[PDB]
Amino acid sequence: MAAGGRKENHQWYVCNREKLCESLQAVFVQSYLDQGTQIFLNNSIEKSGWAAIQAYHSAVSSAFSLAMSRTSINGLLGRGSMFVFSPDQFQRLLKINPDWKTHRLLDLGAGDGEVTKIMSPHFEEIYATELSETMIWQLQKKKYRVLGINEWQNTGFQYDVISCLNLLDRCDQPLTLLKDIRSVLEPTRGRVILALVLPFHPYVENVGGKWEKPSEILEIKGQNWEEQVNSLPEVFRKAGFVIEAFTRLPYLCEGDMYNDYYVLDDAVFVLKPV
């Protein structure tokens, strides 16, 4: 990226590295608006131009929003898919080559699986958890093994990569979740992929736009992206992890009648057990 390069959306990827604590400066990885990101964006723009589809989705969402979560409406229609990293960004962050493969992936709160699918080619077996009925159906159409939310900790095997993308701010017990993850991650070579939207603002999605506060508190604190990232090493340490690498990445989402796509600000970490 260049300081005068147009249409690179620098604000999606740069941080003020001097605002990071020294240990985080050493492991920050710069990401860029790459080919796979642009395909997602160009796909979303096209989709947002299918007016009859958008109008149908918007009428169904309006009629049934009182009876079903937003997540379940999206899974019902197959809409509003999201993007965290391209295969290239995922591989550069994990430091693996395009052909690297291992045994088992577990993707917790996998949504409709369109982010899971970026990671899937690197694994022989893919497992996932999810609370939304329609999202479970989307995961099963992708042939992922859906485990109960208290089933994955008790399978009798460990997981070589556990991904926990944008769930910590949406689940009831994030600290119990992190500790469960550590207890079943393969310890000699396993890694955790974690994504968090900053500013950290957690809640538990319910029906009808309703929501609840989580029953466990993550101690994420700061006045900007960098300070909040700075609070995370100690949060991960409590759960038995150190950050091996991390990056800033736009958390992209397909659009609707009003915008071609939507953006949130993701911090994405590779954790190793300690």
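Heads up: residue numbers just count along the shown sequence, starting at 1.
- The deposited model assigns a higher average Cα B-factor to 183-191 than to the other stretch when 104-112 and 183-191 are compared.
- The stretch with the higher mean CA B factor, choosing between 46-54 and 205-213, is 205-213.
- Per-chain ranking of the deposited C-alpha B factor places residue 3 in the highest third.
- Compared with the other modelled residues of the chain, the Cα B-factor recorded for residue 256 ranks in the highest third.
- Per the PDB record, residue ranking by Cα B-factor puts residue 87 in the middle third of the chain.
- Sorting the modelled residues of the chain by their CA temperature factor places residue 239 in the highest third.
- For residue 132, the recorded CA temperature factor ranks within the lowest third of the chain's modelled residues.
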